[PDB]
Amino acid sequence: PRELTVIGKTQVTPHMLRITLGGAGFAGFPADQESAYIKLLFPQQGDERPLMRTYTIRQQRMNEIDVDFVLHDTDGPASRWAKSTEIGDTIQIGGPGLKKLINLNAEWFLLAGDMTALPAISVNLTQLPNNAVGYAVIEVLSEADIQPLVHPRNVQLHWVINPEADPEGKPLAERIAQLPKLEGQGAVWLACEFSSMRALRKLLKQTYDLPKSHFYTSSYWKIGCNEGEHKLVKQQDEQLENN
């Protein structure tokens, strides 16, 4: 696995901390992997297997990537590492995985997620055509966490300010259910906390009934679960769904 060096830190917003990774270990990293996922490896005391955490490549340059960390409640190893790490420190990473961008063969676009998906949504918005139409709906912890995102003028940005994730999964789904319905062939991309993902998925299956080719949904974390516990819930739900 690759060893990258911390060469910068940027407080993007109060709860979003961006780490730049590069150095000699970056050599050979595949080009143009923005929005692809990587795995951060955290060594464990007394265990040869690392703990692993999934993050998005927010930006990529010739010899560097940026990774954006939500400074979430209830630190885990990854959010602790992001706050504590110092320039010059190194971290092993695996990946990148396959990019899962929104389908561009569509007349309108609906993107939604919470702050764990804001990096990927940011990248997707830069890949939409300039004449694109639709919505990007993002749940953030505070108004200060709103970002000035690049986006097509007619893809309307909507921010939902929710200081604590809702186990009932309402805030994003309630906002989107109360937006006008989009007409034409659409593409949907959403990722957020597990319960909000299910609520959005249910709502959007009912509103638009889109094929899987144009309907990406993913749970990125779950309240009360560290990432290992989350992967199980997620696989069970994606199977129960697909079946």
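All residue numbers refer to positions in the sequence shown, first residue = 1.
Item checked: Per the entry, higher mean C-alpha B factor between 63-71 and 206-214 -> 206-214 has the higher mean C-alpha B-factor.
Next item on the list: Return whichever of 136-144 and 164-172 has the greater mean Cα B factor according to the PDB record.
Entry: Mean C-alpha B-factor is greater for 164-172.
Next item on the list: Quick one: which of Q156, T90, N130, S122 shows the highest Cα temperature factor in the PDB entry?
Entry: Among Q156, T90, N130, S122, the PDB entry lists the largest C-alpha B-factor for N130.
Next item on the list: Just grab whichever of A117, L111, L149, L98 has the top CA B-factor as deposited.
Entry: Within the set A117, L111, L149, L98, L98 shows the top C-alpha B-factor.
Check: Split the chain's modelled residues into thirds by Cα B-factor; is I57 in the lowest, middle or highest one?
Finding: For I57, whose C-alpha B-factor we compare with every modelled residue in the chain, the answer is the lowest third.
Item checked: Cα B factor band for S219 (lowest, middle or highest third within the chain) -> It falls in the middle third of the chain.
Next item on the list: Pull the Cα B-factor of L41 out of the PDB entry and bin it into the chain's lowest, middle or highest third.
Entry: For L41, whose C-alpha B-factor we compare with every modelled residue in the chain, the answer is the middle third.
Margin query: What third of the chain does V233 rank in for C-alpha temperature factor, lowest, middle or highest?
Written below: Tercile = highest for this residue's CA B-factor.
Item checked: Third assignment of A106 from its chain's C-alpha B-factors -> As the PDB entry reports it, the C-alpha B-factor of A106 lands in the highest third of its chain.
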